[PDB]
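In what follows, every heavy atom counts, from backbone to side chain, and hydrogens, waters and symmetry copies are set aside. Both ligands and their constituent atoms are indexed starting at 1 by order of listing. Nothing fancy with the numbering, it's 1 onward along the sequence.
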Amino acid sequence: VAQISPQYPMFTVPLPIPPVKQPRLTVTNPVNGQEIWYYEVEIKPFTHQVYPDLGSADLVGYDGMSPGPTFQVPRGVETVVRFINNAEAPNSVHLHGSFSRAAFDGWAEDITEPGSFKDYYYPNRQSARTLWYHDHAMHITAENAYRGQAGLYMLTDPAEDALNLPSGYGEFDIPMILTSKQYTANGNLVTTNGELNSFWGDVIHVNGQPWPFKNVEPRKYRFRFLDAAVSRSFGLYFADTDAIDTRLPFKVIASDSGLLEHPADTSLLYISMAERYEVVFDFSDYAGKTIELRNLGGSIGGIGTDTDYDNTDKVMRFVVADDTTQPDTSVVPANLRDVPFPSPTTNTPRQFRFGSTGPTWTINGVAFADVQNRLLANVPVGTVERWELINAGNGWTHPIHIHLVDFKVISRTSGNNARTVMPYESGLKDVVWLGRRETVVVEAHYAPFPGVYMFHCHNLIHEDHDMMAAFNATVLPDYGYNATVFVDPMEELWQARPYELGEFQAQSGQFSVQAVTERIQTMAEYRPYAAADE
Ligand SMILES: *[C@@H]1O[C@H](CO)[C@@H](O[C@@H]2O[C@H](CO)[C@@H](O[C@@H]3O[C@H](CO)[C@@H](O)[C@H](O)[C@@H]3O)[C@H](O)[C@H]2NC(C)=O)[C@H](O)[C@H]1NC(C)=O
Ligand SMILES: *[C@@H]1O[C@H](CO)[C@@H](O[C@@H]2O[C@H](CO)[C@@H](O)[C@H](O)[C@H]2NC(C)=O)[C@H](O)[C@H]1NC(C)=O
Ligand SMILES: [Cl-]
Ligand SMILES: [Cl-]
Ligand SMILES: [Cl-]
Ligand SMILES: [Cl-]
Ligand SMILES: [Cl-]
Ligand SMILES: [Cu+2]
Ligand SMILES: [Cu+2]
Ligand SMILES: [Cu+2]
Ligand SMILES: [Cu+2]
């Protein structure tokens, strides 16, 4: 259908690369003698000239940019991030892909008001994976994410580095953060406010830039795909501009939770809101060509319900040089890793229906705001459960996310007989797309931390009104590990605190090296992540 946003000069602006976020300082953890990396992020307003010849867009971003800066954290290094709200609305930061404690996980009611900050303590102990950090504030997650509160968080480890995959952040390892937005006639953003169905968007962005291009050499690149859109799901494929409908093969090497056991040879990648897939594309057979990254129409080939617009079949262009300037020393091994799959269970699976209750998107008839009813499962820590995630509807799709866990996709049935489990769903994930009339069974180890966690649809419009619920990963009162201060996401110990911008700017008072060092060493003594040792 006709583009609504003004006409854009397609494939004329280079793909931006978010800068790497550096820690401000390190603090010795008195528990283990190891260095904790401490970071400060200021959430604040900024303008960005998206349309060359119109006005600017009003955004709110981590460190005044969108996407937020990229974190790059070695496995085993604990991080503390001071998220400082200097904006106009509350925030709640979630690190998507991290088994964070309940009070460091971005619980939707666990907000920071403007003129407050919160310190988030992250374990970084899971398998090498592409995480992302983004807003989770109750009822305003769609508008906070849409206006710029999302960024990448790469968890790295030597074992993955030894595979010799294409490497170097911004060299041959490229972030590909997809969004779908809409602009006014003067080049400002159309708000998601008031939208209760889906905000599709008619402008496709990579790393915050409409329809970019990149100069590539004829060799192998690792692309880290993330669907950070409010509502748009994608069917990604690559094509030579000399044969724009001919799909070129590539390899998926990783899903949400890390490496697949083996690369999945693929010509079409379904990716829905909050899914991460890492792809290796070999440009060597296309020296001197232009390869367009494109998006499947027909509402992702009948899987989705998304509206299609004139230019939503276009993502970006890669202009391939005639030659490499340096040898391609990278490879994609046939064997990537032993995926740590959960033990099969015979426990009769729980059922969750993703539908509506009057004008509200619900789970088993319940809206997140409804405290009395929204706690839908008690799961003893250590237990493996199958959850049957049901989309009975033909008129909506729902990428379902479960906090804390990594899960295996056991099965998919389609009431449109459209598809079962995709080859790139063979490993571990934390989001799974319920297409039209789809039921998916996932299996997860509810481990290793007790606490109250969210699960929900990651269509941020659905999530906000109000397709989200909670589970309690439970322990018996003799469990230990300071569980009584780490189960409650709203625990007073970990709540946000007020700051004065002067102190922040001068790095004085509670921002002094001394105050930060004392505050982090005190936090570290509670031993939040001790139960994940081994
Ligand atoms: C989520 O599950 C956790 C358990 O993993 C629940 O917290 C547990 O709640 C029980 C009942 O309040 C606590 O026992 C109580 O202890 C106090 C004082 O020592 C006593 O006054 C009461 O008679 C009772 O025995 C238990 O300590 C607590 N466990 C932990 C580890 O905090 C929690 O309530 C559940 N959350 C929700 C929202 O349902
Ligand atoms: C639970 O948290 C408390 C409070 O941080 C920890 O108590 C500290 O432990 C170290 C070593 O035992 C002492 O030198 C500190 O003086 C303790 N502080 C206080 C205020 O008691 C405790 O270690 C933690 N327990 C577990 C199992 O994690
Ligand atoms: Cl490389
Ligand atoms: Cl919808
Ligand atoms: Cl953006
Ligand atoms: Cl080479
Ligand atoms: Cl202050
Ligand atoms: Cu998320
Ligand atoms: Cu999450
Ligand atoms: Cu949904
Ligand atoms: Cu969430």
**Prompt:** Is the ring centre of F486 less than 6.0 Å from the ring centre of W494?
**Reply:** yes
**Message:** Working to the nearest 0.5 angstrom, can you tell me the gap between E195 CD and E143 CD?
**Reply:** 11.5 Å
**Request:** Cation-pi check, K181 to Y146: give yes when NZ or CZ is under 6.0 Å from the six-membered ring centre and within 45° of the ring axis, no otherwise.
**Result:** yes
**Request:** Run through the protein N/O/S atoms less than 2.8 Å from the Cu ion (ligand 8) and write them out by chain and number.
**Result:** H96 ND1, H134 NE2, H458 NE2
**Message:** Distance to the ring centre below 6.0 angstrom and angle to the axis at most 45 degrees; does that hold for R374 and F368?
**Reply:** yes
**Message:** As an exercise, state the distance from CD1 of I43 to CZ of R147, rounded to the nearest 0.5 Å.
**Reply:** 16.0 Å
**Prompt:** Roughly how far, to the nearest 0.5 Å, is CZ of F172 from CZ of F223?
**Reply:** 11.0 Å
